[PDB]
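Shown below, as structure tokens, is a lone chain in the form deposited in one PDB entry; questions about how it binds or moves come after it.
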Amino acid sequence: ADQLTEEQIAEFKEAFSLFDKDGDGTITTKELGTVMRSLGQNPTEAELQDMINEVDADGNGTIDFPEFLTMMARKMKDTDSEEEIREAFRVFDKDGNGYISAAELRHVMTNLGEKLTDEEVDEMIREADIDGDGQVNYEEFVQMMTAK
């Protein structure tokens, strides 16, 4: 939390929900793998376990919200962060026009079993929509995933 802006924190609150499949309040190594693979990533089992252990501050084997924020902050500094962020953007920009629309955001959420509401989709876009065109372009997506 001490490394992120209030907007990033807001976005990640929703992202935490995407990773928490069963919705038990914590993210497991398995859930992390499934969701990351769905978001254009391809981490090995050892890399997933390291990701968890590195920010699992209370050593309970799972990741809660505060620990998740730490994971996201560190992720933004990965040596291959640019590539990872590009691959994630690709997953959202289904029609490849360079913009993530509300329809495309709803599609990713629904594919991830995440129930949604228009108000929720509007807020997610609003938090990253710098030029205010109602969509999230690559530059805006990168900014949201940039450590400040």
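Only the largest set of C-alpha atoms that superpose within 1.5 Å between the two forms is called the rigid core. Only residues modelled in both forms are compared. Numbers follow the displayed sequence, beginning with 1.
Below, we turn to the form solved in complex with a small molecule, even though it does not appear here.
Although the partner is absent here, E139 is not a contact residue: none of its heavy atoms lies within 4.5 angstroms of the small molecule in the entry with it bound. Taking the partner from the other structure, the small molecule in the entry with it bound has a heavy atom within 4.5 Å of a heavy atom of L116. The residue among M51, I85, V121, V108 whose Cα moves by 2 angstroms or more between this form and the one not shown, once the core is superposed, is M51. Relative to the superposed core, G98 shifts its CA atom by less than 2 Å between this form and the one not shown. Relative to the superposed rigid core, the position of the CA of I130 differs between this form and the one not shown by less than 2 Å. The two forms, fitted on the rigid core, differ between this form and the one not shown by less than 2 Å at the CA of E139. Between the C-alpha atoms of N137 and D78, a gap narrowed by no less than 3 Å is obtained in the entry with it bound, as opposed to the form on display. In the entry with it bound, the Cα atoms of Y138 and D78 sit 3 Å or more nearer to each other than they do here. Once both forms are overlaid on their core, the residue ranges between this form and the one not shown with Cα shifts reaching 2 Å in three or more consecutive positions are 3-70, 72-81.
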